[PDB]
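Just below is one structure, and these are the notes that go with it.
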Number of protein chains: 2
Amino acid sequence: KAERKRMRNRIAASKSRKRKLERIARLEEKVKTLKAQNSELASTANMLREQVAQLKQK
Amino acid sequence: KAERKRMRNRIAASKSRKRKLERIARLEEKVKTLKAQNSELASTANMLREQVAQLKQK
DNA sequence: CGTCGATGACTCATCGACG
DNA sequence: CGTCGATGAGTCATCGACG
């Protein structure tokens, strides 16, 4: 029937919306996680710049 | 009058879908640039270890 | 209260894939 | 060809904001 198809499409449409939100969430967690690493990597670089300017003494 | 509102809503729905897409594009751009920046900060940290392990000569 | 635009949910129009 | 599920678009339900 057309009633049955209309009902299968209602689930298809909600599944489509769902994985749109799922995609938004992965992307947002990805940038959250790259920001953390950015800061990790950038402070380390900083800690290593000081080790350089302190070893070039003597 | 029903017609006119139905038309104004068609435009609102279009605007809604478009800024969902604009949101996805900004999110993917952010990931792209944080990635490239990570690469930059990680190669730099790596080059700085080697200045350290070579200023470590005495 | 009615009316606005925004947005989630429902429905319709198409799509490519399948047989 | 008819039929499937996926997805963009149109439509309906409902929201908070306005006045």
Side-chain angles (χ1 to χ4, degrees):
Chain A
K1 269 319 132 214
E3 197 205 13
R4 188 157 299 266
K5 180 198 196 178
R6 215 194 51 245
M7 290 163 177
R8 290 196 324 276
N9 186 59
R10 187 145 126 212
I11 303 168
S14 77
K15 177 187 188 193
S16 186
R17 259 75 90 141
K18 198 181 52 195
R19 71 221 280 118
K20 257 155 154 130
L21 295 178
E22 273 156 7
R23 183 188 176 189
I24 294 307
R26 285 191 305 269
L27 280 164
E28 285 187 320
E29 256 54 78
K30 195 135 89 149
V31 340
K32 190 192 174 201
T33 197
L34 298 163
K35 270 166 188 195
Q37 280 189 48
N38 251 227
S39 299
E40 273 288 284
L41 260 6
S43 27
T44 297
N46 250 4
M47 294 185 266
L48 289 164
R49 236 108 59 188
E50 23 156 284
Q51 255 185 325
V52 153
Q54 270 134 257
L55 244 15
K56 68 177 25 159
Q57 280 4 121
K58 264 57 201 167
Chain B
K1 32 217 203 75
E3 250 92 340
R4 189 159 298 263
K5 175 198 195 180
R6 200 188 33 111
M7 284 145 179
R8 276 171 14 243
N9 189 54
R10 163 155 15 149
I11 298 173
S14 278
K15 179 170 183 180
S16 230
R17 300 185 197 340
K18 155 281 270 180
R19 47 211 211 286
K20 275 181 160 80
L21 289 178
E22 283 158 351
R23 190 193 177 184
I24 292 163
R26 292 191 313 270
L27 279 170
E28 286 179 329
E29 256 294 353
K30 210 162 192 192
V31 167
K32 196 224 254 192
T33 57
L34 295 166
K35 265 147 117 149
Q37 194 189 134
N38 252 41
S39 288
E40 183 214 19
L41 297 166
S43 35
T44 297
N46 254 0
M47 306 187 212
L48 287 164
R49 304 200 152 87
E50 293 294 296
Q51 286 190 225
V52 154
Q54 286 164 44
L55 278 151
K56 266 185 173 149
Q57 230 69 79
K58 207 30 259 165

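Residue numbering restarts at 1 for every chain, and letters A, B, ... go by the order of the sequence lines.
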Query - Residue mapping more 5' on DNA chain C - nearest nucleotide basis, A:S14 or B:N9 - result: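 Nearest-nucleotide comparison on DNA chain C picks B:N9.
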
Spacing of [X] atom [atom1] relative to [N] atom [atom2], expressed in whole Å:
{"X": "A:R23", "N": "D:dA6", "atom1": "CZ", "atom2": "P", "value": "17 Å"}
{"X": "B:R6", "N": "D:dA13", "atom1": "CZ", "atom2": "P", "value": "14 Å"}
{"X": "B:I11", "N": "D:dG10", "atom1": "CD1", "atom2": "P", "value": "10 Å"}
{"X": "B:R10", "N": "C:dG5", "atom1": "CZ", "atom2": "P", "value": "15 Å"}
{"X": "A:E3", "N": "C:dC12", "atom1": "CD", "atom2": "P", "value": "12 Å"}
{"X": "B:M7", "N": "D:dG10", "atom1": "CE", "atom2": "P", "value": "11 Å"}
{"X": "B:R4", "N": "C:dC4", "atom1": "CZ", "atom2": "P", "value": "11 Å"}

Query raised in the report: What pair of heavy atoms forms the shortest contact from A:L55 to A:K58, and how long is it?
Result: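 For A:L55 and A:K58, the tightest heavy-atom pair comes out as O-CD, 3.9 Å.
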
Query raised in the report: Do A:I11 and A:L21 share a hydrophobic cluster (ILVMFWY, side-chain heavy atoms under 4.5 Å, transitive)?
Result: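 In one cluster: no.
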
Report task. Please answer: with hydrophobic residues joined when any side-chain heavy atoms are less than 4.5 Å apart, are B:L34 and B:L41 in the same cluster? Result ->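 No, B:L34 and B:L41 fall in different hydrophobic clusters.
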
Query raised in the report: C:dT14 pairs with which nucleotide, Watson-Crick or G-U wobble, both distances below 3.5 Å?
Result: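 Paired with C:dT14, as far as the under-3.5 Å criterion goes, is D:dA6.
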
Just call it for [X]: base, sugar-phosphate, or nothing, with non-hydrogen atoms closer than 4.0 Å on any strand.
{"X": "B:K5", "answer": "nothing"}
{"X": "A:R17", "answer": "base"}
{"X": "A:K18", "answer": "nothing"}

Query - Separation of B:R10 CZ from B:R8 CZ (nearest 0.5 Å) - result: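 That separation rounds to 12.5 Å.
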
Query raised in the report: CD of B:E40 to CG of A:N38: how many Å apart, nearest 0.5 Å?
Result: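 Here the rounded value is 9.0 Å.
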
Query raised in the report: C:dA6, D:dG5, D:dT11: which one has an atom nearest the side-chain heavy atoms of A:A12?
Result: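 When the side chain of A:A12 is considered, D:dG5 is the closest of C:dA6, D:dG5, D:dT11.
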
Does [N] have OP1 or OP2 sitting under 4.0 Å from an N or O in the side chain of [X]?
{"X": "B:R8", "N": "C:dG5", "value": "yes"}
{"X": "B:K15", "N": "C:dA6", "value": "yes"}
{"X": "A:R19", "N": "D:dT7", "value": "no"}
{"X": "A:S16", "N": "D:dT7", "value": "yes"}

**Report entry** Sugar conformation, C:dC12 - torsion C1'-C2'-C3'-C4' sign
**Finding:**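 Torsion sign negative, so south.
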
Query raised in the report: Which way does the sugar of C:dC4 pucker, north or south, judged by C1'-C2'-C3'-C4'?
Result: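 Taking the sign of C1'-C2'-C3'-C4' as the criterion, C:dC4 has a north sugar, on the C3'-endo side.
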
